[PDB]
Structure formats: structure tokens, C-alpha cells
Amino acid sequence: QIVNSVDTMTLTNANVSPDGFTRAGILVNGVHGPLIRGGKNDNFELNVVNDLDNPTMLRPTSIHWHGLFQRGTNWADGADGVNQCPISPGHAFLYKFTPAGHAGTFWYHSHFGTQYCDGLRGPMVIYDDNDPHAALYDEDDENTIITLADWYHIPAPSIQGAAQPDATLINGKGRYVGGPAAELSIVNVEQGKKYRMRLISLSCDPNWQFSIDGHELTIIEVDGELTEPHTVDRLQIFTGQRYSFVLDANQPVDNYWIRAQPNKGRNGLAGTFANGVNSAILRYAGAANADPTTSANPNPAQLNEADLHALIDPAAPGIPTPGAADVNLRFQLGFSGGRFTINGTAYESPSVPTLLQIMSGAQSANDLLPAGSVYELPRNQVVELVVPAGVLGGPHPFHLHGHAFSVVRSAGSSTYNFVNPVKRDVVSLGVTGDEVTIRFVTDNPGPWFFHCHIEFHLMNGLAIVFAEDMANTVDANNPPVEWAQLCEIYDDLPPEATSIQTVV
Ligand SMILES: *[C@@H]1O[C@H](CO)[C@@H](O)[C@H](O)[C@H]1NC(C)=O
Ligand SMILES: [Cu+2]
Ligand SMILES: [Cu+2]
Ligand SMILES: [Cu+2]
Ligand SMILES: [O]
């Protein structure tokens, strides 16, 4: 089912069984993660009605529209503690924004705690009526979207120890090791046509190696940013990254396995495809309703992010020399006292959201809470951030709210590209020795989150806040009166309203 650009999103709890194990989950308009779609100039008005009442998972909510820059609408960006206070059970909040010409493949997810891990997440596609790559494919619709999701048999708040997915969900469906032969997702194609497949990771943690038996993947988009066409057999996708790839249905009519192998999971999930776990079906019209019997490519050409190149306005901003940006920041990641830190500080959410602190009179980073996690950025300048990998629990996929950035230096590469680098909004920091360097221009007044997108790391402190262009933040953003009321309502909630019932 589909949600339109002006619509209501009613959030409820119900039982779900995407892998044949039934447990309670979170539904949006009676559907597990429905598609949100519109056009690049639409004005979105999304009324989010929080009717959640199951105490085994988070009830208060906050929706993030991942990849949208939210210029002038920082109050609708959805990171609780930064842009808003949570929407409380029994209440509604109207988000109003526009893509402002930015087309691409995105996704929406709750930004509150680990609630998105329990299913409050889904694909969001913004179509371009002038798409630059329209000559490259014939079909692009609700049937060419492929979402990847990690799924747990117990509610996220009850996970004890290091999280390990029970299953990989492809378009909401999949199987777990030792589980029943639950229905697999089918992606239908016709021999001779070309399809713009939109691949989205909805993950709370695991990354996947994705490939389709017998077919190549011609990448033409990354994280809502178009690239020169670049063909590969297999790619590694991290939390919240998106790729559009042209699928050329040029093989014999047949059933082909679609494969998404996780880096971790219960009972051997990471190492097998046995019984159709970690799988979906690519079916050519005319093939029987049966399982594929194909096999993966033994020696795949692997996607390397430094091979991706931006199609439009390719050059990285600023002087084309490492360290020659207007503002040059280097962050030191750490893990101390059971908490991740950045430059010695572990992120903890303030009781007054940064945007509300700024609207209330804060004039500089020194006045903002929490102390040690907030970095001020000047207006209209070129920034270069460097975030060396090394810290445990990686690879850590960092994301920046409010901006897309050029990746002048990717993981696994020791070279810099200022002429043509891919532009994206979620980047892997790699492994020990890597020095991922990104660039962006500070053209979007407001407080924006910068943090690891593995939700278990975010909740243990791996986050910082950029207070960008503080002098123009009040003029640029003008939240509705309901926005400021969220905090009053939420601070007044009774203890039974936010209490988490654990399960074993
Ligand atoms: C943080 O710490 C590193 C290591 O001391 C230092 O080199 C870097 O300049 C610091 N970054 C910020 C933004 O303070
Ligand atoms: Cu996200
Ligand atoms: Cu991380
Ligand atoms: Cu975020
Ligand atoms: O996020």
C-alpha cells in the first residue's frame, strides 16, 4: 500500500510474521513499511498520528526523512533531541516540507531510540520528471523497489547482548535458519526490458553483499545523487545507503536468486543461503512459479566506492588540496567505559532540543547543550571533515543530516578525488588505516545530526551535533506553533505512558 505526498500516517501495533515467526510490530496505515512517493516539486503534508499502545517497544515517535535536506524546514528533520521532541502516544504531528527539486531514492524511519528496528521504516521515492538517465531504462515504478531489512524475533528494547538478526527481509519477506518455508518476495521482469531497480537498506546494523544471479548491476544513482553509469556484479550496502541500478533483463527466461548476505546473524545466517534464507526471486515472465536453481558468480567484480563518479556538478567544493577547506575538522573516535566517544565525549540527548535552544536565545556553541558534543559551523563556507577508522565495532557508516557531501577520499583508498567524487549521505569509515574525508558547503542554517547509523552505536554515544549558521537559523526556519508544544506535552507524560515492558 502507498502513502501520497499529502496524507495521514497512522501508527499502530499489530502482529506481524514476515519470516513465518509471528511477533508484535509497528504498522503504518495497516501495512508494514508502506512506500511514500511523490514528485520533486511536491509540497508534502504528512500528518503522523501516533496510536501506538504496545509497551514492549518504544511508543513515543519521531520520523526522519532520510536524504531530504530540509532547507528552511529544520523543524521537520525528525531527530529527537536535535530538531524536535518526540510525538507522544495519543497525539498527532503534521510534518510539512518539500524536496525542492531534489529527486532520488530515499527512506523514512523513526529516529527515536531503536524503534525503527521494530519496523517503523519504509521506502520513499521522489521521481524526476526531467530525469537525466531516463534513456537508460524502460520501467521505474513501485515494482522496481528492493528494500533490505534486518529482523529480530524479539522487540528491540528486550535485546540482551550484541544484536544478531534472525532474518534478512527482502521487500518485507524472508526466512530464518531452521524456520518454516515462508513466502519469498518475487521481483517480476520481462525479457528485453531494462529496469531502474531502487535498492534501499533499511538496516539498524548489518550491511549486506547484494547480487543477482546471472545479471550485472549498472549503478546510476547513490543516496539520491546521480552518477555516471558504473556496472558491477556485487556491492556491499551499509545502513541506510541507497543505490539505483539498471537491470537489463537480457538472460534466458527463468527464475534467478536475488541474494543479500548479512555480515552477522543468528544460527549461521551470515554464512548460508540454504533453504532460501537471505534470498528473493527474480522471475522472468514465462518462467514457472518455482524456486530458482541458479548459482552466484564465483568471481564477482565488486563495487569500490572510489570508482563511483558524480554526474551533475561533479567537482568537490573548495580548493582541490587536502586540508585546504575553509573549515577543517578531524574527529577522533573512541570507545571508553562501555560508551563510544568523539573527541572524548559520549553523546547524550539534551532535555531541550537544539533547535528549541537556538530559538530561545542561544547565540553560540558555548550556550548549547550538551556540552562537548556541539560544533558550530559558519555560513556559506567549505567544510572538510576527516574521520579515521580504527574504533571497534566497525565498519561504522556515518550519516549527515541536512546535506549530501562529496567523498573526496573513500575507505580502502589512499587517493583523493576533487574533480569527480561520488556525492552521498551515508559513508562507511572503513577499517584501521582508512582516512575517509568528506566535503560540503554550509548553506543550510540549523542544527544537524552527524552520527553512526548503526542504531546500537548511536544509542551508546557515537554522535555529534553541528549548529550550522546560528545567526540565520531563526529567520530561515519557522516552525508551526504545534512544533514547540511537542516538548510541553512530552515532558508532562505519566510514567505508564513511556514505560518499556521487557520480554524474555
Ligand atoms: C579532536 O581530537 C583530535 C586528537 O586530539 C584533534 O587532533 C582534533 O583537532 C580534535 N577535533 C576537534 C573538532 O576538536
Ligand atoms: Cu536514516
Ligand atoms: Cu558504528
Ligand atoms: Cu540520523
Ligand atoms: O538517521
# chains A, B, ... in the order shown; residues from 1 in each chain; ligands from 1

$ select_by_dssp --residues "range 189-349 of chain A" --states "strand (DSSP E or B)" --output "PyMOL selection string"
chain A and resi 189+194-201+208-212+217-222+225-232+234-237+242-248+255-262+279-284+302+309-310+327-330+333-336+339-342+345

$ closest_atom_pairs --of "chain A" --to "ligand 3" --cutoff "6 Å" --atoms "only C-alpha atoms and all ligand atoms" --output "JSON lines"
{"residue": "A:394", "atom": "CA", "partner": "ligand 3", "partner_atom_place_in_ligand_line": "1 (Cu)", "distance": 5.8}
{"residue": "A:396", "atom": "CA", "partner": "ligand 3", "partner_atom_place_in_ligand_line": "1 (Cu)", "distance": 3.9}
{"residue": "A:452", "atom": "CA", "partner": "ligand 3", "partner_atom_place_in_ligand_line": "1 (Cu)", "distance": 4.7}
{"residue": "A:454", "atom": "CA", "partner": "ligand 3", "partner_atom_place_in_ligand_line": "1 (Cu)", "distance": 5.1}
{"residue": "A:457", "atom": "CA", "partner": "ligand 3", "partner_atom_place_in_ligand_line": "1 (Cu)", "distance": 4.9}

$ residues_around --residues "residue 348 in chain A" --least-positions-apart "4" --cutoff "12 Å" --atoms "only C-alpha atoms" --output "list in words"
residues 80, 81, 82, 113, 339, 340, 341, 342, 352, 353, 369, 370, 371, 372, 373, 374, 457, 458, 459, 460, 461, 462, 463, 464 and 465 of chain A

$ select_by_dssp --residues "range 290-440 of chain A" --states "helix (DSSP H, G or I)" --output "compact mmCIF listing (two decimals) with N, CA, C and O atoms, in the first residue's frame"
# COMPACT_ATOMS: atom_id res chain seq x y z
N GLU A 305 33.62 2.06 -3.99
CA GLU A 305 33.08 3.39 -3.90
C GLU A 305 33.99 4.41 -4.56
O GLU A 305 33.42 5.32 -5.16
N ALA A 306 35.30 4.34 -4.56
CA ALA A 306 36.13 5.33 -5.25
C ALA A 306 35.98 5.23 -6.78
O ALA A 306 36.45 6.15 -7.43
N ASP A 307 35.32 4.22 -7.36
CA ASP A 307 35.06 4.17 -8.78
C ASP A 307 33.77 4.93 -9.13
O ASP A 307 33.52 5.19 -10.34
N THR A 354 18.15 21.01 20.46
CA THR A 354 18.98 22.09 19.95
C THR A 354 18.22 23.17 19.22
O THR A 354 18.55 24.35 19.45
N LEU A 355 17.29 22.88 18.30
CA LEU A 355 16.59 23.94 17.59
C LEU A 355 15.81 24.84 18.59
O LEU A 355 15.75 26.06 18.38
N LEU A 356 15.17 24.23 19.58
CA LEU A 356 14.46 24.99 20.62
C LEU A 356 15.47 25.77 21.47
O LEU A 356 15.22 26.95 21.67
N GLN A 357 16.67 25.27 21.78
CA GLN A 357 17.65 26.11 22.45
C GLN A 357 18.03 27.33 21.63
O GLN A 357 18.26 28.42 22.17
N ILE A 358 18.22 27.18 20.31
CA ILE A 358 18.54 28.30 19.46
C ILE A 358 17.39 29.30 19.37
O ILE A 358 17.64 30.49 19.58
N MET A 359 16.15 28.85 19.22
CA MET A 359 15.02 29.76 19.13
C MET A 359 14.80 30.52 20.44
O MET A 359 14.20 31.59 20.47
N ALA A 365 27.86 28.09 20.17
CA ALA A 365 28.02 26.71 20.60
C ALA A 365 28.23 26.63 22.11
O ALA A 365 27.69 25.72 22.74
N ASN A 366 28.95 27.55 22.74
CA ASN A 366 29.16 27.59 24.16
C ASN A 366 27.89 27.57 25.01
O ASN A 366 27.94 27.08 26.13
N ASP A 367 26.76 28.04 24.52
CA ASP A 367 25.50 28.08 25.18
C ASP A 367 24.65 26.84 24.90
O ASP A 367 23.55 26.75 25.46

$ closest_residue --among "A:395, A:55, A:402, A:412" --to "ligand 5" --atoms "only C-alpha atoms and all ligand atoms"
A:402

$ residues_around --residues "residue 116 in chain A" --least-positions-apart "4" --cutoff "9 Å" --atoms "only C-alpha atoms" --output "ChimeraX atom specification"
/A:26,109-112,120-121,202-204,455

$ write_last_selection --atoms "N, CA and C atoms" --output "PDB file, in the first residue's frame"
ATOM      1  N   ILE A  26       5.183  -2.794  14.274  1.00  0.00           N
ATOM      2  CA  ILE A  26       4.678  -1.434  14.119  1.00  0.00           C
ATOM      3  C   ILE A  26       4.195  -1.305  12.683  1.00  0.00           C
ATOM      4  N   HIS A 109      12.250   6.705   8.474  1.00  0.00           N
ATOM      5  CA  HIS A 109      12.390   5.819   9.623  1.00  0.00           C
ATOM      6  C   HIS A 109      12.250   6.650  10.896  1.00  0.00           C
ATOM      7  N   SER A 110      11.748   5.972  11.927  1.00  0.00           N
ATOM      8  CA  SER A 110      11.729   6.628  13.240  1.00  0.00           C
ATOM      9  C   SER A 110      13.171   6.906  13.632  1.00  0.00           C
ATOM     10  N   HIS A 111      13.421   8.041  14.278  1.00  0.00           N
ATOM     11  CA  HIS A 111      14.757   8.394  14.720  1.00  0.00           C
ATOM     12  C   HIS A 111      14.821   8.248  16.252  1.00  0.00           C
ATOM     13  N   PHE A 112      13.782   7.717  16.872  1.00  0.00           N
ATOM     14  CA  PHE A 112      13.717   7.670  18.327  1.00  0.00           C
ATOM     15  C   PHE A 112      14.234   6.344  18.866  1.00  0.00           C
ATOM     16  N   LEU A 120       9.301   0.471  12.085  1.00  0.00           N
ATOM     17  CA  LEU A 120       8.836   1.796  11.698  1.00  0.00           C
ATOM     18  C   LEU A 120       9.859   2.407  10.735  1.00  0.00           C
ATOM     19  N   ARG A 121       9.756   1.998   9.466  1.00  0.00           N
ATOM     20  CA  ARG A 121      10.699   2.351   8.420  1.00  0.00           C
ATOM     21  C   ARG A 121      10.096   1.895   7.071  1.00  0.00           C
ATOM     22  N   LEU A 202      17.353  -0.569   4.839  1.00  0.00           N
ATOM     23  CA  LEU A 202      16.556  -0.080   5.955  1.00  0.00           C
ATOM     24  C   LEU A 202      17.177  -0.568   7.296  1.00  0.00           C
ATOM     25  N   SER A 203      18.406  -1.009   7.293  1.00  0.00           N
ATOM     26  CA  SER A 203      19.054  -1.680   8.370  1.00  0.00           C
ATOM     27  C   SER A 203      19.323  -0.834   9.620  1.00  0.00           C
ATOM     28  N   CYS A 204      19.205  -1.543  10.732  1.00  0.00           N
ATOM     29  CA  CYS A 204      19.593  -0.981  12.027  1.00  0.00           C
ATOM     30  C   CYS A 204      21.047  -1.352  12.265  1.00  0.00           C
ATOM     31  N   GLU A 455      22.197   1.811  14.748  1.00  0.00           N
ATOM     32  CA  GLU A 455      21.417   2.298  15.858  1.00  0.00           C
ATOM     33  C   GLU A 455      21.965   1.874  17.211  1.00  0.00           C
TER      34      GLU A 455
END

$ residues_near_ligand --ligand "ligand 4" --cutoff "9 Å" --atoms "only C-alpha atoms and all ligand atoms" --output "ChimeraX atom specification"
/A:64,66,78-79,111,398-401,448-453,458

$ residues_near_ligand --ligand "ligand 1" --cutoff "12 Å" --atoms "only C-alpha atoms and all ligand atoms" --output "count of residues only"
28
